[PDB]
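Participant: Sequence first, structure after, both from an experimental entry:
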Number of protein chains: 2
Amino acid sequence: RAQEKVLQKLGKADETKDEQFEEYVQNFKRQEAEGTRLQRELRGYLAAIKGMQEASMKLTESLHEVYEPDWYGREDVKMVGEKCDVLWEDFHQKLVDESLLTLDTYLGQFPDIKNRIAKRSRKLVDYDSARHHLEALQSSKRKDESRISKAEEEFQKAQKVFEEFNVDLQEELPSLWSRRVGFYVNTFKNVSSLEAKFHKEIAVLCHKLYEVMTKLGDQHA
Amino acid sequence: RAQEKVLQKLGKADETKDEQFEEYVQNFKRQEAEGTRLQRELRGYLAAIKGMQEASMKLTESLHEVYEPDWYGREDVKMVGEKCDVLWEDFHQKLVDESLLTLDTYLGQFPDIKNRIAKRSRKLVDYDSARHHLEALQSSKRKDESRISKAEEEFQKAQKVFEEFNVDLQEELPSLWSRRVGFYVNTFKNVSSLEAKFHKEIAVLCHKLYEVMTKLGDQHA
């Protein structure tokens, strides 16, 4: 350093880079909170799907139970009930195995990053301390070479250790932030495609039940 | 009566008719229990529909909230959410106003019938008692005309009062039992037709969401 003020300029640059990094961390926290909220709501949706499945089944069971042997369509009602339950079961399971699983694995990458952010902060405090200490030693009236040399080693090491954590996270945080859209797109492509298909397939069975009831009605006219 | 054994033969016929009536009452009880069970399950189904509606809405709300201004399709996502909620709202309400209301009114006819069945039983005990009493008076060693005449009036009245309740319920119970099928047919025609239509209409919106997500995905490719 010396009269080129190298370490002082280093500190200024480090501070500007750290301000940018704290902006990344704010986005990272927002991204985690958004993901966890989506997880809660997707889980809520799955539980509502299952509730629908079960309530629908009981309803068709109760119809099959009031049926008389002579009534048209008893076996068709049973089959409608069975096929509908399979549709619900598969729809729920495919949502679990796609959108939910993918979201859980996406969220699974956050705790390790949070731990390395924590380590980076601590290592920055050590690096900051070593830089200031070296600056002080280099500007003193007494010039103690053995003392300065050791402070140089300590500064070089603290810097290396900090920058290891820093350069990785400087890459990883904005990249993870960028992947946000692809993650939401794929989650909702999965939800919407499975649901579209489910609604189309179950309509066929609703129509079959209507048809059976029409014929039962006609039989008893 | 006298030596033609009129009152004794009357009692035999009354007993055979009463055995048939008790068979009607068993069916009536079964019919009420079937209806109440169907009411419970239909209510359960409606509550599951509402749960689905609400859980679906939160899910789309959370998507709209993560959206960035530059992202394709923000207004389309909002509109999908709004239109889906209207579909759910109307589907639930039409089920309330048709199948549920109709079932509630159908079940509403049972308590008055149960009360008249109760009255009939009591009036049958009085009628039974008056018939036996008249039989006893008519066969006695002492023939007391003023006594017999009064017992005749009491028998005639108790019979009239019983038969008022009896002939109505003898008509109403099998008729109500016969209406069972039409009631189940109309309940499930309503449920299945509304659901078929709902599933068809909401599939369109699921496809719209998939389309928007596809274009959002493409935009960020």
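Facilitator: Noted; the coordinates are in hand. Numbering: from 1, shown residues only, chains lettered A, B, ... in the order given.
Participant: distance of residue A:203 from chain B?
Facilitator: Going from residue A:203 to chain B by Cβ to the nearest Cβ, to the nearest Å gives 4 Å. Backbone N, C-alpha and C define where each C-beta goes, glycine included.
Participant: As a check, name the ranges of all strands in chain A.
Facilitator: With DSSP state E as the definition, chain A shows no strands.
Participant: Output the longest helix belonging to it.
Facilitator: helix A:6-66 (DSSP state H).
Participant: can you give me the helices in chain A?
Facilitator: A:6-66, A:74-95, A:101-108, A:110-138, A:145-178, A:180-219.
Participant: Buried residues in the last one, which are they?
Facilitator: Looking back up the chat, that one is helix A:180-219. Within helix A:180-219, the residues that count as buried by 16 or more other Cβ atoms under 10 Å in any protein chain shown are A:180-181, A:183-199, A:201-203, A:205-210, A:212-214, A:216-217.
Participant: at contact distance from chain B, anything in the longest helix of chain A?
Facilitator: Yes - judged by Cβ under 8 Å from any Cβ of the partner chain, helix A:6-66 and chain B are in contact via A:34, A:37-38, A:41-42, A:44-45, A:47-49, A:51-52, A:54-56, A:58-59, A:62-63, A:65-66.
Participant: And for stretch A:158-178?
Facilitator: No - Stretch A:158-178 does not reach chain B (Cβ under 8 Å from any Cβ); its nearest approach is 8.7 Å.
Participant: quick one: buried residues of that stretch?
Facilitator: Buried residues in stretch A:158-178 (16+ other Cβ under 10 Å): A:158-159, A:161-163, A:165-166, A:169-170, A:172-173, A:176.
Participant: And for stretch A:38-55?
Facilitator: Neighbour-count burial for stretch A:38-55 [16+ other Cβ under 10 Å]: A:38-39, A:41-42, A:44-46, A:48-49, A:51-53, A:55.
Participant: what residues does it touch?
Facilitator: Outside stretch A:38-55, the residues that touch it by Cβ atoms under 8 Å, 6 or more residues apart in numbering or on different chains are A:85, A:88-89, A:91-92, A:95-96, A:99-100, A:103-104, A:107, A:184, A:187, A:191, B:41, B:44-45, B:47-49, B:51-52, B:54-56, B:58-59, B:62-63, B:66.
Participant: For that stretch, C-alpha coordinates in CSV please.
Facilitator: C-alpha atoms of stretch A:38-55 as CSV (Å, rounded to 0.1, in the frame of the first residue of the first chain):
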residue,chain,number,x,y,z
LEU,A,38,-46.5,-20.6,-2.6
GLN,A,39,-45.8,-23.9,-0.8
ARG,A,40,-48.4,-23.2,1.9
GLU,A,41,-51.0,-22.3,-0.7
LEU,A,42,-50.2,-25.3,-3.0
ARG,A,43,-50.5,-27.6,0.1
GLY,A,44,-53.8,-25.9,0.9
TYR,A,45,-55.0,-26.5,-2.6
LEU,A,46,-54.0,-30.2,-2.5
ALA,A,47,-55.8,-30.7,0.8
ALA,A,48,-58.9,-29.1,-0.7
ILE,A,49,-58.6,-31.5,-3.7
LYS,A,50,-58.5,-34.4,-1.4
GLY,A,51,-61.4,-33.1,0.6
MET,A,52,-63.4,-32.8,-2.7
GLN,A,53,-62.4,-36.4,-3.7
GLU,A,54,-63.6,-37.8,-0.4
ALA,A,55,-66.8,-35.8,-0.2
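Participant: How far does stretch A:148-158 sit from its chain's centre?
Facilitator: 41 Å (Cα atoms, centre = their mean, to the nearest Å).
Participant: Stretch A:210-221 too?
Facilitator: In terms of Cα atoms, centre = their mean, the centre of stretch A:210-221 is found 50 Å from the chain centre.
Participant: Output that stretch in CSV with nothing but the alpha carbons.
Facilitator: Provided in CSV are the C-alpha atoms of stretch A:210-221 (Å, rounded to 0.1, in the frame of the first residue of the first chain):
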residue,chain,number,x,y,z
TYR,A,210,-76.9,-37.6,-15.9
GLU,A,211,-77.6,-40.1,-18.6
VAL,A,212,-78.2,-42.9,-16.1
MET,A,213,-80.5,-40.8,-14.0
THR,A,214,-82.4,-39.7,-17.1
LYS,A,215,-83.0,-43.4,-18.0
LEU,A,216,-83.9,-44.3,-14.4
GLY,A,217,-86.4,-41.4,-14.5
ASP,A,218,-87.8,-42.6,-17.8
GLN,A,219,-88.1,-46.2,-16.5
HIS,A,220,-90.3,-45.0,-13.6
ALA,A,221,-92.4,-42.7,-15.8
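Participant: Indicate whether that stretch makes contact with chain B.
Facilitator: Yes - contact of stretch A:210-221 with chain B (Cβ under 8 Å from any Cβ) involves A:210, A:213-214, A:216-217, A:220.
Participant: Serialize the helices of chain A to TSV and add fields for distance to residue B:30.
Facilitator: Putting the helices of chain A into TSV (distance: least, Cβ to Cβ, whole Å) gives the following:
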stretch	distance to residue B:30
helix A:6-66	9
helix A:74-95	18
helix A:101-108	48
helix A:110-138	59
helix A:145-178	64
helix A:180-219	19
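Participant: quick one: which of the ones you listed is nearest residue B:7?
Facilitator: helix A:6-66 (43.0 Å; Cβ to Cβ).
Participant: now the closest one against helix B:6-66, angle please.
Facilitator: Angle, helix A:6-66 to helix B:6-66, by axes from the mean of the first three to the mean of the last three Cα atoms, to 10 degrees: 160 degrees.
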